[PDB]
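Engineer: Sending over coords_21.cif (mmCIF, C-alpha atoms).
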data_work
#
loop_
_atom_site.group_PDB
_atom_site.id
_atom_site.type_symbol
_atom_site.label_atom_id
_atom_site.label_comp_id
_atom_site.auth_asym_id
_atom_site.auth_seq_id
_atom_site.Cartn_x
_atom_site.Cartn_y
_atom_site.Cartn_z
ATOM 1 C CA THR A 1 -29.635 63.835 -49.395
ATOM 2 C CA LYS A 2 -31.607 66.819 -50.655
ATOM 3 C CA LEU A 3 -34.859 64.812 -50.566
ATOM 4 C CA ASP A 4 -37.141 67.419 -52.167
ATOM 5 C CA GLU A 5 -35.190 70.541 -51.161
ATOM 6 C CA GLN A 6 -34.351 69.637 -47.554
ATOM 7 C CA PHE A 7 -31.493 67.952 -45.699
ATOM 8 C CA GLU A 8 -33.077 65.015 -43.896
ATOM 9 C CA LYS A 9 -30.290 62.734 -42.676
ATOM 10 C CA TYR A 10 -29.995 58.964 -42.686
ATOM 11 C CA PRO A 11 -31.082 57.205 -39.478
ATOM 12 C CA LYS A 12 -27.990 55.858 -37.716
ATOM 13 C CA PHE A 13 -28.921 53.397 -34.968
ATOM 14 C CA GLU A 14 -26.219 52.008 -32.677
ATOM 15 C CA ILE A 15 -26.424 48.613 -30.955
ATOM 16 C CA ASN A 16 -23.183 48.158 -29.020
ATOM 17 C CA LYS A 17 -22.303 44.458 -28.822
ATOM 18 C CA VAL A 18 -18.477 44.546 -28.643
ATOM 19 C CA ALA A 19 -18.145 45.760 -25.038
ATOM 20 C CA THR A 20 -19.389 42.622 -23.247
ATOM 21 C CA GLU A 21 -16.140 40.656 -23.544
ATOM 22 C CA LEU A 22 -14.113 43.754 -22.661
ATOM 23 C CA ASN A 23 -16.209 44.186 -19.513
ATOM 24 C CA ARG A 24 -15.725 40.497 -18.713
ATOM 25 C CA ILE A 25 -11.935 40.842 -19.007
ATOM 26 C CA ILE A 26 -11.924 44.001 -16.874
ATOM 27 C CA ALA A 27 -14.017 42.292 -14.184
ATOM 28 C CA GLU A 28 -11.718 39.258 -14.326
ATOM 29 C CA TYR A 29 -8.731 41.497 -13.610
ATOM 30 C CA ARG A 30 -10.461 43.537 -10.900
ATOM 31 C CA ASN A 31 -11.581 40.370 -9.100
ATOM 32 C CA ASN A 32 -7.954 39.169 -8.735
ATOM 33 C CA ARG A 33 -5.548 42.100 -8.477
ATOM 34 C CA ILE A 34 -1.799 41.460 -8.495
ATOM 35 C CA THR A 35 1.080 43.449 -7.015
ATOM 36 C CA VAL A 36 4.857 43.346 -6.580
ATOM 37 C CA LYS A 37 6.413 40.733 -4.286
ATOM 38 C CA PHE A 38 10.047 40.454 -3.184
ATOM 39 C CA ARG A 39 11.503 36.958 -2.833
ATOM 40 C CA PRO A 40 14.300 36.124 -0.367
ATOM 41 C CA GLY A 41 17.640 34.578 -1.247
ATOM 42 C CA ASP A 42 19.955 32.014 0.365
ATOM 43 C CA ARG A 43 21.373 34.201 3.128
ATOM 44 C CA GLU A 44 21.101 34.387 6.899
ATOM 45 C CA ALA A 45 19.301 37.759 6.793
ATOM 46 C CA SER A 46 17.570 37.839 3.394
ATOM 47 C CA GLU A 47 14.142 37.048 4.878
ATOM 48 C CA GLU A 48 14.046 40.175 7.049
ATOM 49 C CA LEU A 49 15.304 42.268 4.129
ATOM 50 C CA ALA A 50 12.511 40.956 1.895
ATOM 51 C CA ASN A 51 9.933 41.569 4.632
ATOM 52 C CA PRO B 1 -58.238 41.585 -44.272
ATOM 53 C CA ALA B 2 -55.226 43.168 -42.615
ATOM 54 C CA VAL B 3 -51.797 41.591 -43.079
ATOM 55 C CA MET B 4 -48.453 41.705 -41.280
ATOM 56 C CA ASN B 5 -45.401 42.387 -43.427
ATOM 57 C CA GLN B 6 -42.368 40.207 -42.768
ATOM 58 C CA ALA B 7 -40.087 43.208 -42.200
ATOM 59 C CA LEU B 8 -42.067 44.292 -39.129
ATOM 60 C CA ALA B 9 -41.974 40.783 -37.640
ATOM 61 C CA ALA B 10 -38.235 40.520 -38.286
ATOM 62 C CA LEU B 11 -37.659 43.900 -36.629
ATOM 63 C CA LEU B 12 -39.784 42.875 -33.640
ATOM 64 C CA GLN B 13 -37.803 39.668 -33.124
ATOM 65 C CA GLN B 14 -34.420 41.331 -33.681
ATOM 66 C CA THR B 15 -35.119 44.214 -31.290
ATOM 67 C CA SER B 16 -36.508 41.860 -28.637
ATOM 68 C CA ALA B 17 -33.370 39.715 -28.846
ATOM 69 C CA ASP B 18 -31.013 42.714 -28.886
ATOM 70 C CA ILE B 19 -32.558 44.338 -25.799
ATOM 71 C CA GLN B 20 -31.905 41.179 -23.787
ATOM 72 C CA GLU B 21 -28.452 40.663 -25.321
ATOM 73 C CA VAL B 22 -27.087 44.163 -24.675
ATOM 74 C CA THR B 23 -28.387 44.484 -21.095
ATOM 75 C CA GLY B 24 -26.339 41.602 -19.730
ATOM 76 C CA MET B 25 -14.781 33.674 -10.714
ATOM 77 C CA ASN B 26 -18.530 33.573 -10.104
ATOM 78 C CA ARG B 27 -18.661 37.280 -9.238
ATOM 79 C CA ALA B 28 -16.878 38.309 -12.443
ATOM 80 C CA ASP B 29 -19.507 36.530 -14.554
ATOM 81 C CA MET B 30 -22.254 38.683 -13.022
ATOM 82 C CA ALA B 31 -23.089 42.027 -14.620
ATOM 83 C CA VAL C 1 35.389 16.889 -1.664
ATOM 84 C CA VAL C 2 32.093 18.378 -0.469
ATOM 85 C CA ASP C 3 32.782 21.798 -2.032
ATOM 86 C CA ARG C 4 33.219 22.929 -5.639
ATOM 87 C CA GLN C 5 35.072 26.225 -5.975
ATOM 88 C CA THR C 6 37.021 28.331 -8.459
ATOM 89 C CA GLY C 7 39.451 31.095 -7.564
ATOM 90 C CA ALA C 8 41.632 33.625 -9.377
ATOM 91 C CA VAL C 9 42.561 37.300 -9.377
ATOM 92 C CA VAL C 10 41.524 37.199 -13.037
ATOM 93 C CA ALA C 11 39.411 34.155 -13.912
ATOM 94 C CA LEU C 12 41.739 31.265 -14.748
ATOM 95 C CA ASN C 13 40.551 28.604 -17.199
ATOM 96 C CA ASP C 14 42.517 25.376 -16.725
ATOM 97 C CA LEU C 15 42.589 23.640 -20.109
ATOM 98 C CA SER C 16 43.552 20.332 -18.459
ATOM 99 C CA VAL C 17 40.281 19.945 -16.520
ATOM 100 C CA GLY C 18 38.318 18.529 -19.445
ATOM 101 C CA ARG C 19 34.619 18.015 -19.978
ATOM 102 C CA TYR C 20 32.275 18.277 -17.007
ATOM 103 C CA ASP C 21 30.029 15.387 -15.949
ATOM 104 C CA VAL C 22 26.738 17.258 -16.381
ATOM 105 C CA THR C 23 24.087 16.855 -19.071
ATOM 106 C CA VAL C 24 22.047 19.631 -20.673
ATOM 107 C CA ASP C 25 18.293 19.149 -20.270
ATOM 108 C CA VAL C 26 15.133 21.254 -19.966
ATOM 109 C CA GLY C 27 12.612 21.755 -17.196
ATOM 110 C CA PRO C 28 10.122 24.168 -15.649
ATOM 111 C CA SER C 29 11.284 27.749 -15.175
ATOM 112 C CA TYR C 30 11.420 28.964 -11.569
ATOM 113 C CA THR C 31 11.991 32.481 -10.263
ATOM 114 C CA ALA C 32 13.672 31.253 -7.063
ATOM 115 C CA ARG C 33 15.333 28.077 -5.820
ATOM 116 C CA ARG C 34 12.708 27.665 -3.086
ATOM 117 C CA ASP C 35 10.092 27.233 -5.815
ATOM 118 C CA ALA C 36 12.069 24.376 -7.378
ATOM 119 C CA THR C 37 12.636 22.683 -4.018
ATOM 120 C CA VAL C 38 8.973 22.962 -3.015
ATOM 121 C CA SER C 39 7.755 21.744 -6.409
ATOM 122 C CA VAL C 40 10.031 18.697 -6.485
ATOM 123 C CA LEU C 41 9.257 17.778 -2.869
ATOM 124 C CA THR C 42 5.507 18.137 -3.460
ATOM 125 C CA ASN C 43 5.790 15.957 -6.567
ATOM 126 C CA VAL C 44 7.611 13.411 -4.398
ATOM 127 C CA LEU C 45 4.722 13.722 -1.951
ATOM 128 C CA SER C 46 1.096 12.887 -2.869
ATOM 129 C CA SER C 47 2.342 9.561 -4.301
ATOM 130 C CA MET C 48 3.001 8.104 -0.832
ATOM 131 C CA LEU C 49 0.552 6.356 1.467
ATOM 132 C CA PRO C 50 -0.728 8.381 4.451
ATOM 133 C CA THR C 51 0.787 5.794 6.825
ATOM 134 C CA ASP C 52 4.290 6.131 5.359
ATOM 135 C CA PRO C 53 6.964 6.960 7.966
ATOM 136 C CA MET C 54 8.940 9.595 6.048
ATOM 137 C CA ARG C 55 5.909 11.762 5.206
ATOM 138 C CA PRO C 56 6.358 13.953 8.341
ATOM 139 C CA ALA C 57 9.987 14.512 7.328
ATOM 140 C CA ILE C 58 8.924 15.506 3.808
ATOM 141 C CA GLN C 59 6.319 17.883 5.246
ATOM 142 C CA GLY C 60 8.863 19.477 7.574
ATOM 143 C CA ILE C 61 11.395 19.957 4.782
ATOM 144 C CA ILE C 62 8.682 21.505 2.594
ATOM 145 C CA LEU C 63 7.560 23.876 5.355
ATOM 146 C CA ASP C 64 11.182 24.892 5.969
ATOM 147 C CA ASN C 65 11.365 26.515 2.510
ATOM 148 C CA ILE C 66 8.077 28.465 2.585
ATOM 149 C CA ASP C 67 8.573 32.241 2.601
ATOM 150 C CA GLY C 68 6.117 34.913 3.683
ATOM 151 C CA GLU C 69 5.386 37.825 5.980
ATOM 152 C CA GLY C 70 4.818 37.200 9.672
ATOM 153 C CA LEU C 71 6.065 33.594 9.686
ATOM 154 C CA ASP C 72 9.079 34.001 11.990
ATOM 155 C CA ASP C 73 7.743 32.160 15.045
ATOM 156 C CA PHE C 74 6.171 29.310 13.063
ATOM 157 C CA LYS C 75 9.312 28.793 10.974
ATOM 158 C CA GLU C 76 11.525 28.860 14.074
ATOM 159 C CA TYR C 77 9.297 26.314 15.830
ATOM 160 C CA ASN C 78 9.314 24.028 12.784
ATOM 161 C CA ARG C 79 13.096 24.334 12.486
ATOM 162 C CA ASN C 80 13.521 23.442 16.165
ATOM 163 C CA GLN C 81 11.247 20.410 15.768
ATOM 164 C CA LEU C 82 13.319 19.350 12.749
ATOM 165 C CA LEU C 83 16.598 19.924 14.614
ATOM 166 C CA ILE C 84 15.663 17.809 17.634
ATOM 167 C CA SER C 85 14.809 14.942 15.250
ATOM 168 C CA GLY C 86 18.280 14.779 13.671
ATOM 169 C CA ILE C 87 17.243 15.973 10.208
ATOM 170 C CA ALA C 88 18.330 19.635 9.986
ATOM 171 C CA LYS C 89 22.117 19.296 10.515
ATOM 172 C CA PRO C 90 22.832 22.449 12.608
ATOM 173 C CA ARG C 91 25.004 24.963 10.740
ATOM 174 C CA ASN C 92 27.590 25.369 13.502
ATOM 175 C CA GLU C 93 26.575 28.797 14.814
ATOM 176 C CA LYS C 94 24.581 28.354 18.058
ATOM 177 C CA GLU C 95 22.165 25.411 17.692
ATOM 178 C CA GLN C 96 24.910 22.782 17.434
ATOM 179 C CA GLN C 97 25.836 23.504 21.071
ATOM 180 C CA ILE C 98 22.475 24.597 22.556
ATOM 181 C CA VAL C 99 19.526 22.828 20.912
ATOM 182 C CA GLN C 100 21.426 19.583 20.309
ATOM 183 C CA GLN C 101 22.973 19.700 23.785
#
Could you take the file, read its structure, and then write that structure out as structure tokens?
Structural biologist:
Amino acid sequence: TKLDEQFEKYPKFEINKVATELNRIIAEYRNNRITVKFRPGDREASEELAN
Amino acid sequence: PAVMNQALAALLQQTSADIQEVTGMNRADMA
Amino acid sequence: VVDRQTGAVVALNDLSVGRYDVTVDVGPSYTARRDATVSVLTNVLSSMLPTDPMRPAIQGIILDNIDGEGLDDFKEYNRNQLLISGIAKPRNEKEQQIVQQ
């Protein structure tokens, strides 16, 4: 506001409380990473192919 | 004698709680 | 009678066969057949006493279906131990005339 011929601004304090669960989920993923795995079939040579 | 307004006490308690709250399978639970 | 097969240049549907003798049901979803075999055999296990005689056979059959990297020697040894015990039924390539002999 003008506030007696000035432009003092409103105080805007920030207390971030929504990042804790996001950090927990990210840590949960990074503790147990997953990747691609190839499964064999019912053949005489599928195991070596998968390996 | 001097007095303590309730707004100041409320701010003290709220800020004290918020400082501890913001600043923090077993490993994942740790900060 | 031990094989079920269909054959045609273009798929032939014999109207005289009639309804099959199967029933539609539901169950757990498995990515591979080995998963189903291992799950059903493990469910069969863990309900048997430790002194039961067929438990080693169940364990061998379960270990026969486990897949992974670097398990060639262990799987071959387990298969040989199962073959010499008359449980594996050699598939008529080389072990019916060598290991059984």
Engineer: So that I can see what lies close to residue 20 of chain A, please list as an NGL selection string the residues with an atom at most 10 Å from it, counting all atoms listed in the file and leaving out residues fewer than 5 positions away in the same chain.
Structural biologist: (:A and (25-26)) or (:B and (21-24 or 31))
Engineer: Evaluating the PyMOL selection byres ((chain A) within 8 of (chain C)) on the displayed file yields which residues, as a ChimeraX atom specification?
Structural biologist: /A:39-41,47,51
Engineer: Sorted by chain and rising residue number, list the residues of chain B at most 12 Å from chain A (counting all atoms listed in the file), each with its closest atom pair and distance in Å to one decimal, as JSON lines.
Structural biologist:
{"residue": "B:14", "atom": "CA", "partner": "A:15", "partner_atom": "CA", "distance": 11.2}
{"residue": "B:15", "atom": "CA", "partner": "A:15", "partner_atom": "CA", "distance": 9.8}
{"residue": "B:17", "atom": "CA", "partner": "A:15", "partner_atom": "CA", "distance": 11.5}
{"residue": "B:18", "atom": "CA", "partner": "A:15", "partner_atom": "CA", "distance": 7.8}
{"residue": "B:19", "atom": "CA", "partner": "A:15", "partner_atom": "CA", "distance": 9.1}
{"residue": "B:20", "atom": "CA", "partner": "A:17", "partner_atom": "CA", "distance": 11.3}
{"residue": "B:21", "atom": "CA", "partner": "A:17", "partner_atom": "CA", "distance": 8.0}
{"residue": "B:22", "atom": "CA", "partner": "A:17", "partner_atom": "CA", "distance": 6.3}
{"residue": "B:23", "atom": "CA", "partner": "A:20", "partner_atom": "CA", "distance": 9.4}
{"residue": "B:24", "atom": "CA", "partner": "A:20", "partner_atom": "CA", "distance": 7.9}
{"residue": "B:25", "atom": "CA", "partner": "A:28", "partner_atom": "CA", "distance": 7.3}
{"residue": "B:26", "atom": "CA", "partner": "A:31", "partner_atom": "CA", "distance": 9.8}
{"residue": "B:27", "atom": "CA", "partner": "A:31", "partner_atom": "CA", "distance": 7.7}
{"residue": "B:28", "atom": "CA", "partner": "A:27", "partner_atom": "CA", "distance": 5.2}
{"residue": "B:29", "atom": "CA", "partner": "A:24", "partner_atom": "CA", "distance": 6.9}
{"residue": "B:30", "atom": "CA", "partner": "A:24", "partner_atom": "CA", "distance": 8.8}
{"residue": "B:31", "atom": "CA", "partner": "A:24", "partner_atom": "CA", "distance": 8.6}
Engineer: Which of these residues is nearest to residue 63 of chain C, using only C-alpha atoms: C:44, C:83, C:38, C:1?
Structural biologist: C:38
Engineer: Evaluate the PyMOL selection byres ((chain C and resi 81) around 12) on the structure here and hand back the selected residues as a PyMOL selection string.
Structural biologist: chain C and resi 56-57+59-61+63-64+74-80+82-88+99-100
Engineer: Calculate how many Å separate atom CA of residue 43 of chain C from atom CA of residue 25 of chain C, rounding to one decimal.
Structural biologist: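 Answer for the atom CA of residue 43 of chain C to atom CA of residue 25 of chain C separation: 18.8 Å.
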Engineer: Distance atom CA of residue 58 of chain C-atom CA of residue 41 of chain C, one decimal place?
Structural biologist: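 Going from atom CA of residue 58 of chain C over to atom CA of residue 41 of chain C, I get 7.1 Å.
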Engineer: Closest to residue 36 of chain C among C:49, C:62, C:24, C:98, using all atoms listed in the file?
Structural biologist: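 Among C:49, C:62, C:24, C:98, it is C:62 that comes nearest to residue 36 of chain C.
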